[PDB]
């Protein structure tokens, strides 16, 4: 390629980044002909771990990895970025309530937004992973007034992929046989996994998921509940939070930005809500169904919203409005 792109991953000594870096370095995200300068940020006490991660990346003998830089300083980390994957955040520990998790992280993302605004390229694409994702993204965006608001997205693709898998498992097909599920709203308990516009190929024929299942109460109750609580279920089994599947979801999310959404499909992404036609307040970071071409996302327009869907999309909008006011 003409030039390597500089891709920053924060929280780079942690578990999600450990499952993500190889896929970036080996060409599976940005393309088999795209060299990459990988920039890794984490806190100062983690710099020794991060030198070990540099050693492993070296020992993968990846031809596209032109350089890997480890740092604990924002000026180094955010310099001339083409992509910023914001994984680092403060975790919710025992004893702290949801308000405290929000308070802890607002300062982190206001600072990374300021660094983006001062050091990165104005064309940088910023994908926000660390929780609370949507509000962390909004905070950073507001602190980066020189970077176009459309360049900020937050990760609902993990919830999206989980919704797909539950449908595929119930109906007995592969993941690629399901498409156009939607995660509306907050990456949180109030997310709405919507399948009113989803399709599945069943006997060579594409059918709606509602029609295919003949079980509306499952789709409107237990299905929603399973996708919302999936993260806690994984934590309960392996005593750690998801890392492999979260990294795979980041790869999907960034790849669809870089290359575009597949023909006939749209995907779930947290984006700035300004101008949406679905009754969602403006100036929220909210997950919508989008299509992507030339690295520019676009709302999927004209989807019919029934009354069950209306109630769910409004409840998640309310929670996001309340998180914003806390910040």
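Positions refer to the first chain, counted from 1.
Stretch comparison (102-110 versus 81-89) by mean CA B-factor in the PDB entry places 102-110 on top. Just going by the entry, 197-205 versus 146-154 on mean CA temperature factor gives the higher value to 197-205. Note on the listed residues 162, 125, 239, 187: the highest Cα temperature factor in the record is that of 239.
Which of 59, 263, 42, 67 has the largest Cα B-factor in the deposited entry comes down to 263. When the modelled residues of the chain are ordered by C-alpha B-factor, residue 166 sits in the middle third. Ranked by Cα temperature factor within the chain, residue 316 sits in the middle third according to the deposited record. In the PDB entry, residue 303 places in the highest third of its chain by CA B-factor. Looking at the C-alpha B-factors along this chain, the one for residue 224 belongs to the middle third. Annotation for residue 214: C-alpha temperature factor in the highest third relative to the rest of the modelled chain, per the entry.
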